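Undergrad: Got a structure here, written out as C-alpha coordinates. Questions coming.
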Amino acid sequence: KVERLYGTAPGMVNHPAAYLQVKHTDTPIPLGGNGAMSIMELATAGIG
Amino acid sequence: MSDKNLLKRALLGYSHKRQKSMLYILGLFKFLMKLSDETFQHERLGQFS
(Lines give C-alpha, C1' and ligand atoms only; values in the text may rest on other atoms or scores of the structure.)
Protein backbone atom coordinates (compact mmCIF):
# COMPACT_ATOMS: atom_id res chain seq x y z
CA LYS A 1 0.00 0.00 0.00
CA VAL A 2 2.69 2.51 0.92
CA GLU A 3 4.68 1.64 -2.22
CA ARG A 4 1.56 2.33 -4.28
CA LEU A 5 1.10 5.64 -2.49
CA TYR A 6 4.65 6.89 -3.04
CA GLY A 7 5.34 4.97 -6.26
CA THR A 8 8.61 3.31 -5.25
CA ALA A 9 7.87 -0.23 -6.41
CA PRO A 10 9.12 -1.28 -9.87
CA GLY A 11 6.87 0.26 -12.48
CA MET A 12 6.01 3.74 -11.23
CA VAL A 13 7.95 6.95 -11.43
CA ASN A 14 9.67 7.20 -8.05
CA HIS A 15 11.41 3.84 -8.46
CA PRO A 16 15.07 4.37 -7.47
CA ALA A 17 16.53 1.62 -9.68
CA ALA A 18 16.07 3.75 -12.81
CA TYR A 19 17.96 6.58 -11.05
CA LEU A 20 20.52 4.91 -8.74
CA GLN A 21 23.25 2.55 -9.93
CA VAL A 22 22.43 -0.14 -7.36
CA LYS A 23 19.85 -2.87 -6.81
CA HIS A 24 16.49 -2.24 -5.19
CA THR A 25 17.43 -4.47 -2.25
CA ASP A 26 20.67 -2.48 -1.79
CA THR A 27 18.98 0.92 -1.59
CA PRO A 28 18.43 2.81 1.68
CA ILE A 29 14.81 2.85 2.84
CA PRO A 30 14.74 6.69 3.16
CA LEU A 31 15.27 6.81 -0.60
CA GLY A 32 13.21 4.57 -2.81
CA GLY A 33 13.85 1.47 -0.73
CA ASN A 34 12.66 -2.10 -0.56
CA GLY A 35 11.07 -2.43 2.87
CA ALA A 36 10.59 -6.16 2.31
CA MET A 37 11.59 -7.78 5.61
CA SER A 38 10.43 -10.81 7.53
CA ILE A 39 8.08 -10.38 10.45
CA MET A 40 10.52 -12.13 12.79
CA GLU A 41 13.29 -9.70 11.88
CA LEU A 42 10.79 -6.85 12.19
CA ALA A 43 9.80 -8.08 15.66
CA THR A 44 13.15 -8.93 17.23
CA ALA A 45 15.71 -6.60 15.65
CA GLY A 46 13.56 -3.56 14.90
CA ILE A 47 11.96 -1.60 12.09
CA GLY A 48 14.95 -0.05 10.31
CA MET B 1 27.33 -19.79 -18.72
CA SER B 2 28.50 -17.65 -15.80
CA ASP B 3 28.68 -14.77 -18.31
CA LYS B 4 25.78 -15.59 -20.61
CA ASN B 5 23.56 -15.44 -17.53
CA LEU B 6 25.18 -12.19 -16.38
CA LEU B 7 24.75 -10.50 -19.76
CA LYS B 8 21.13 -11.62 -20.11
CA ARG B 9 20.38 -10.43 -16.58
CA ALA B 10 22.04 -7.04 -17.13
CA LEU B 11 20.29 -6.52 -20.47
CA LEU B 12 16.88 -7.46 -19.08
CA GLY B 13 17.58 -5.05 -16.23
CA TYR B 14 18.63 -2.15 -18.47
CA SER B 15 16.15 -2.61 -21.29
CA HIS B 16 12.56 -3.47 -20.38
CA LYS B 17 12.64 -2.53 -16.70
CA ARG B 18 14.85 0.54 -16.36
CA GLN B 19 17.66 0.61 -13.79
CA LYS B 20 20.55 3.06 -13.63
CA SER B 21 22.70 0.10 -12.60
CA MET B 22 23.25 -2.79 -15.06
CA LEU B 23 24.89 -0.22 -17.35
CA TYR B 24 28.24 -0.67 -15.63
CA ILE B 25 28.02 -4.37 -16.50
CA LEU B 26 27.14 -3.50 -20.08
CA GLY B 27 30.10 -1.14 -20.06
CA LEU B 28 32.42 -3.93 -18.94
CA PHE B 29 31.05 -6.23 -21.64
CA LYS B 30 31.53 -3.61 -24.35
CA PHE B 31 35.02 -2.91 -23.02
CA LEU B 32 35.82 -6.60 -23.41
CA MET B 33 34.46 -6.49 -26.96
CA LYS B 34 36.69 -3.51 -27.73
CA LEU B 35 39.64 -5.41 -26.26
CA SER B 36 38.88 -8.35 -28.55
CA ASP B 37 38.84 -6.16 -31.67
CA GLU B 38 42.33 -4.74 -31.14
CA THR B 39 43.91 -7.86 -32.66
CA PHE B 40 42.15 -9.72 -35.46
CA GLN B 41 41.72 -13.44 -34.81
CA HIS B 42 39.65 -15.65 -37.10
CA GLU B 43 37.35 -18.32 -35.68
CA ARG B 44 35.41 -20.95 -37.61
CA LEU B 45 31.85 -22.14 -37.01
CA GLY B 46 32.63 -24.28 -33.99
CA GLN B 47 34.76 -21.58 -32.34
CA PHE B 48 32.59 -18.46 -32.61
CA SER B 49 33.42 -16.23 -29.64
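Lettering and numbering for the C-alpha coordinates are positional, with chains as A, B, ... in the shown order, residues counted from 1 in each chain, and ligands counted from 1 in the shown order.
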Using only C-alpha atoms, determine which residues of chain B fall within 6 Å of chain A; present them as a list in words.
TA: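 Result, ordered by chain then number: residues 18, 19, 20 and 21 of chain B.
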Undergrad: Name all residues at most 8 Å from residue 34 (chain A) (count only C-alpha atoms; drop same-chain ones fewer than 5 positions away) and give them as an NGL selection string.
TA: :A and (9 or 24-25 or 27-29)
Undergrad: Quick one: distance from CA of residue 12 (chain A) to CA of residue 35 (chain A) in Å, one decimal?
TA: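 Taking CA of residue 12 (chain A) and CA of residue 35 (chain A), their separation equals 16.2 Å.
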Undergrad: Just to confirm, what's the straight-line distance from CA of residue 14 (chain B) to CA of residue 26 (chain B) in Å (one decimal)?
TA: 8.8 Å
Undergrad: Looking at B:44, B:2, B:12, B:7, which one is nearest to residue 27 (chain B), with distances taken over only C-alpha atoms?
TA: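 Closest residue, counting only C-alpha atoms: B:7.
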Undergrad: Would you mind listing what lies within 12 Å of residue 4 (chain B) as an mmCIF file with N, CA and C atoms, in the first residue's frame, with only C-alpha atoms counted and same-chain residues fewer than 5 positions away left out?
TA:
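See out-v8.cif below for the written result:
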data_model
loop_
_atom_site.group_PDB
_atom_site.id
_atom_site.type_symbol
_atom_site.label_atom_id
_atom_site.label_comp_id
_atom_site.auth_asym_id
_atom_site.auth_seq_id
_atom_site.Cartn_x
_atom_site.Cartn_y
_atom_site.Cartn_z
ATOM 1 N N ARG B 9 20.946 -11.106 -17.736
ATOM 2 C CA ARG B 9 20.378 -10.426 -16.581
ATOM 3 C C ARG B 9 20.559 -8.917 -16.687
ATOM 4 N N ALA B 10 21.770 -8.474 -17.034
ATOM 5 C CA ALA B 10 22.037 -7.043 -17.131
ATOM 6 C C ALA B 10 21.230 -6.399 -18.250
ATOM 7 N N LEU B 11 21.079 -7.087 -19.381
ATOM 8 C CA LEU B 11 20.295 -6.522 -20.470
ATOM 9 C C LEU B 11 18.820 -6.440 -20.111
ATOM 10 N N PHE B 29 31.172 -5.326 -20.501
ATOM 11 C CA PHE B 29 31.051 -6.232 -21.637
ATOM 12 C C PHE B 29 31.498 -5.563 -22.929
ATOM 13 N N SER B 49 33.337 -16.871 -30.944
ATOM 14 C CA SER B 49 33.416 -16.227 -29.641
ATOM 15 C C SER B 49 32.835 -14.829 -29.763
#
Undergrad: Do you have the CA of residue 22 (chain B)-CA of residue 5 (chain A) distance handy?
TA: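 Between CA of residue 22 (chain B) and CA of residue 5 (chain A) the gap works out to 26.8 Å.
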Undergrad: Which parts of chain A does DSSP call helix (DSSP H, G or I) when run on the backbone here, written out as number ranges by chain?
TA: A: 2-6, 16-18, 39-44
